[PDB]
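J.: Partial complex here, more coming in a sec:
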Amino acid sequence: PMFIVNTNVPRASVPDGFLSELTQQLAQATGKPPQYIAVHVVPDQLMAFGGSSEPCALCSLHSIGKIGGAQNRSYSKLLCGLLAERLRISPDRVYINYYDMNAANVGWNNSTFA
């Protein structure tokens, strides 16, 4: 699983341990070992949501399987909750693109998971 968050919120407002919490909570959410979870946080971005420059975020969650209608709603409640509580970003100013990746299309360790 790979979770990426792009936001206009300043780096200083990202709480210590945020990447660790994301790793831990995504491991529990996806059911995959935390060892394989990758997290990427990109603050101080130049972005807008609805024409407003107030706090917002554009994210991505890639995973080989464990992606679906019900699961994605669950991931959204989890992730929007964290962005709201930890980064003070309103849930309605966050978009998360979910990708169900084929094992053959994910490279790792000089090979792929296929």
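T.: On my side now, so go ahead. Residues are numbered from 1 along each chain as shown, chains lettered A, B, ... in the order given.

J.: Endpoint to endpoint, stretch A:60-73 covers what distance?
T.: One end of stretch A:60-73 to the other measures 14 Å (C-alpha to C-alpha, to the nearest Å).

J.: To clarify, my last question referred to stretch A:61-77.
T.: Stretch A:61-77: ends 13 Å apart by C-alpha to C-alpha.

J.: Pull the residues that contact that stretch.
T.: The contact list for stretch A:61-77 (C-beta atoms under 8 Å, 6 or more residues apart in numbering) reads A:1-4, A:29-32, A:79, A:96-103, A:106, A:113. Bear in mind the C-beta positions are built from the backbone N, C-alpha and C, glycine included.

J.: residue contacts, residue A:23?
T.: Residues near residue A:23 by C-beta under 8 Å, 6+ apart: A:34, A:37, A:39.

J.: Just to check, the second one is in contact with residue A:27?
T.: In other words, residue A:37. Yes - the pair residue A:37 / residue A:27 is scored as a contact, 5.6 Å apart, by C-beta atoms under 8 Å.

J.: to the structure above, add chain B:
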Amino acid sequence: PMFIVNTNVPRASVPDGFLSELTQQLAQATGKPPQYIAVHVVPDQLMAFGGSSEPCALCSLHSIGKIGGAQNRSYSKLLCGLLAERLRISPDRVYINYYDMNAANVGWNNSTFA
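T.: Next up, chain B placed on what we already have:
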């Protein structure tokens, strides 16, 4: 709709109103209210296009529907025009990846659009 632009042009060369201009133009192009549109511009990037470092841009346009052969050809003209005038990027040094997203794979406000 979500539009992201990654470019090597300096932050100082990105007009302060560019995000709003993109939002408004994309609202008209997609026929969606500006409120639903998110924009993200990433300047000062380390990039090369065709083995050259002159101004260039790698972009992404995500949308739940409103994506297709004909529509994409139209978006390219709209976006290349904006990047050409406001960021000084030659249109033949711009790539735009279009993504037609399923509502179930787009998270927002603690849920998804499905």
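
J.: Please re-evaluate the contacts of stretch A:61-77 in the presence of chain B.
T.: A:1-4, A:29-32, A:79, A:96-103, A:106, A:113, B:104-105, B:107-112, B:114 (C-beta atoms under 8 Å, 6 or more residues apart in numbering or on different chains).

J.: how about the residues of chain A that lie near chain B?
T.: Proximity of chain A to chain B (C-beta under 8 Å from any C-beta of the partner chain) is limited to residues A:6, A:45-51, A:53, A:56, A:58-59, A:61, A:67-69, A:72-73, A:75-77, A:79-81, A:91-92, A:94-100.

J.: Okay, and which of those residues map to strands?
T.: A:6, A:46-49, A:58-59, A:61, A:94-100 (DSSP state E).

J.: sorry, back to before: filter the residues of chain A next to chain B to the buried ones?
T.: Among these, those buried by neighbour count (16 or more other C-beta atoms under 10 Å in any protein chain shown) are A:6, A:45-51, A:56, A:58-59, A:61, A:67, A:72-73, A:75-77, A:79-80, A:91, A:94-98.

J.: can you count the residues close to the nearest residue to residue A:43 once chain neighbours are set aside?
T.: The shortest distance from residue A:43 to any non-neighbouring residue, by C-beta to C-beta, 6 or more residues apart in numbering or on different chains, is to residue A:11 (4.4 Å). Applying other C-beta atoms under 10 Å in any protein chain shown, we find 10 other residues in the vicinity of residue A:11.

J.: onto the same structure, chain C please:
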Amino acid sequence: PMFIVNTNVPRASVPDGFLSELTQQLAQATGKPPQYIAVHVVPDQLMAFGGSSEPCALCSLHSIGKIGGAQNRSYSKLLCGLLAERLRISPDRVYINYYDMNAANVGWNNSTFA
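T.: Now chain C, sitting on the chains shown earlier:
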């Protein structure tokens, strides 16, 4: 072809001419002329892989065709090799998402490749 690398390694550790090496190596691996190849390297990122902040990378390779089981394994060996040699990133701390793009979904110079 479009190759993007997001890594936590410092900018200073990115060798001069690294972009050129990626361009030429990708031209060889994909068979496409270098004039159409785009490369993007993003260092100094706030990332974690397996919860650890040791050197790691999240990448993407977009291409109209030339994507597949065997081909992707080959690309991974090539790209992980370059990241290990040039950026000192362990191959088991690198993920590469491969995307086989439909020509109609890749915009360039006021149109698409369809």
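
J.: With chain C now part of the structure, what is the answer for the contacts of stretch A:61-77?
T.: Against stretch A:61-77 from outside (C-beta under 8 Å, 6+ apart): A:1-4, A:29-32, A:79, A:96-103, A:106, A:113, B:104-105, B:107-112, B:114, C:97.

J.: for chain A, longest helix please?
T.: helix A:69-87 (DSSP state H).

J.: So what's the gap between that one and the chain middle?
T.: 9 Å (C-alpha atoms, centre = their mean, to the nearest Å).

J.: Also stretch A:48-61?
T.: With C-alpha atoms, centre = their mean, you get 13 Å for stretch A:48-61.

J.: try stretch A:38-46
T.: Remark: stretch A:38-46 is offset 10 Å from the chain centroid, using C-alpha atoms, centre = their mean.

J.: What of stretch A:100-114?
T.: On C-alpha atoms, centre = their mean, the centre of stretch A:100-114 falls 19 Å from that of its chain.

J.: and it, anywhere near chain C?
T.: Yes - contact of stretch A:100-114 with chain C (C-beta under 8 Å from any C-beta) involves A:101, A:104, A:105, A:106, A:107, A:108, A:109, A:110, A:111, A:112, A:114.
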